[PDB]
Amino acid sequence: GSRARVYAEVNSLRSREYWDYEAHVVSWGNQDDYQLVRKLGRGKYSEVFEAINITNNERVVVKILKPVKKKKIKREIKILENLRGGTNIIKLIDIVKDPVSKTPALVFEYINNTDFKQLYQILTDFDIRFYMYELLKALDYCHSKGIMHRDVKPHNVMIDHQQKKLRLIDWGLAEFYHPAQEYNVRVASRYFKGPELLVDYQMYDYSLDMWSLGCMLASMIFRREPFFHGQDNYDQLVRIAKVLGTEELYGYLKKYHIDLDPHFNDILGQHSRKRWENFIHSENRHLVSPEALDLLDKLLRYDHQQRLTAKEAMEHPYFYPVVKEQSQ
Ligand SMILES: O=C(O)c1ccc2c(c1)nc(Nc1cccc(Cl)c1)c1ccncc12
């Protein structure tokens, strides 16, 4: 069966308490330190507020977890503990609960985010390299800690374009990687789902995050956001196959012995692999380079095992201007 090319054994080489999140004992702060100011949004199992820490006047974010899916809550809490101090990972400030109802909430640092719909249309070539490099730092960190994020997408990549600060947020779908474990494919947003998820291949790994990152890179350099805009999960794979090719898809399925849902037979058609240069036009030309296209081609590949790791991506020549500037 398939295995990650990197960090495959990191969890088995650590103490069981590192990854056995169900056994984790939470340390609780003081709920009354935090005053809710404004609702930011709502997820399926949580709601997020801007708040003020009344002890230091500082703005924070409070994520109230409800439904209280107790196992999912300990998983997110333990993953955040394991990732503490990691580069560009959202900082968890506190964990509190209502003393009477016991409903728990997470408290995070506040990032003055620029909405990606507006931001992605005005980034320069250097900006794209810079922010992608910062995102890769967070992914290399979490993968090296034995954790897959599983929900990489613009909404979960918060960018303060004034201070040039990036944070990878929302670790509620993240999971520990264990070799040969079969994982639920109902993760990630439709537009960022790797082909392994779309064909119901459960033995995936950290490389799922690199497909999602490649999707973001494509949307930034080409200015089509989202880059692969399927109408549903079936159409999502069709949109991918029109670019990467159908014979190439079948070769990937054959390599990993993946069964293809027969509903695909009537919708996939026959499509050659396309050159990434086909997406260049006058409005995005200044953002595209041989280096960008080479990197993108090494990320948006069917074969999850052949995609660049986060570390390998950071070493790519596309990031040399960032590396050279982070040393001047
Ligand atoms: O879940 C986390 O880890 C998490 C952690 C931090 C933030 C967050 C979610 N969501 C934010 N905003 C937001 C905007 C729209 C909808 C929703 Cl649900 C949330 C936000 C804003 C500013 N600073 C930090 C955060």
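Just add 6 to the spot in the sequence shown (first one is 1) and you have the authors' numbering.
Backbone N, C-alpha and C fix where the C-beta goes; we use that ideal spot for every residue, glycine too.
The closest heavy atom of ligand 1 lies 7 Å or more from the beta carbon of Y147. The nearest non-hydrogen atom of ligand 1 is 7 Å or more from the C-beta of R90. A distance criterion of 7 Å places the beta-carbon of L71 beyond contact range of ligand 1, judged by its closest non-hydrogen atom. Ligand 1 has a heavy atom closer than 7 Å to the beta-carbon of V54. Here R22 carries a helix assignment [DSSP, helix/strand/coil].
Within 10 angstroms of the beta-carbon of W34 lie fewer than 16 other beta-carbons, which makes it exposed.
Separation of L314 and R245 (C-alpha to C-alpha, rounded to the nearest whole angstrom) is 22 Å. When the beta-carbon positions are compared, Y40 and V68 come within less than 8 Å of each other.
A residue is called buried when at least 16 other Cβ atoms come within 10 angstroms of its Cβ; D206 does not meet this threshold and is exposed.
DSSP places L305 in the uninterrupted alpha helix (DSSP H) bounded by 296 to 305.
Taking a C-beta distance under 8 Å as the contact criterion, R229 and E289 qualify as a contact pair. A buried status is given to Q242, since no fewer than 16 other beta-carbon atoms sit within 10 Å of its beta-carbon.
The shortest CA-to-CA distance from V163 to any of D238, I153, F122 is the one to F122. Fully contained in the region 79 to 150 are the following beta strand (DSSP E) runs of length 3 or more, in chain order: 98 to 103, 110 to 115. Judged by their CB atoms, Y139 and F325 are nearer to each other than the 8 Å cut-off. Remark: C-beta atoms of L203 and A194 approach each other more closely than 8 Å.
Where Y40 is concerned, the enclosing beta strand (DSSP E) starts and stops at 40 to 48. The continuous stretches of alpha helix (DSSP H) do not include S52, which lies in the beta strand (DSSP E) extending over residues 52 to 59. Rounded to the nearest whole angstrom, the CA to CA distance from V43 to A57 is 5 Å. Taking C-alpha positions only, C148 is separated from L86 by approximately 10 Å. Distance from the C-beta of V193 to the nearest heavy atom of ligand 1 is not below 7 Å.
Secondary structure of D157 (DSSP, three-state): coil. Beyond the five residues adjoining it in sequence on each side, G47 comes within less than 8 Å, by CB distance, of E53, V54 in the same chain, given in chain order. Residue ranges of uninterrupted beta strand (DSSP E) with 3 or more members are absent from the region 246 to 324; none lies entirely inside it. Residue environment analysis places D104 among the exposed positions, since fewer than 16 neighbouring C-beta atoms fall within 10 angstroms of its C-beta.
Ranked by Cα distance from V294, the options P110, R135, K171 are led by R135.
By DSSP's assignment, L179 forms no beta bridge with any residue.
Only exposed fits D272, as fewer than 16 other CB atoms lie within 10 angstroms of its CB.
Annotation: the continuous alpha helix (DSSP H) that includes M222 extends over 213 to 228.
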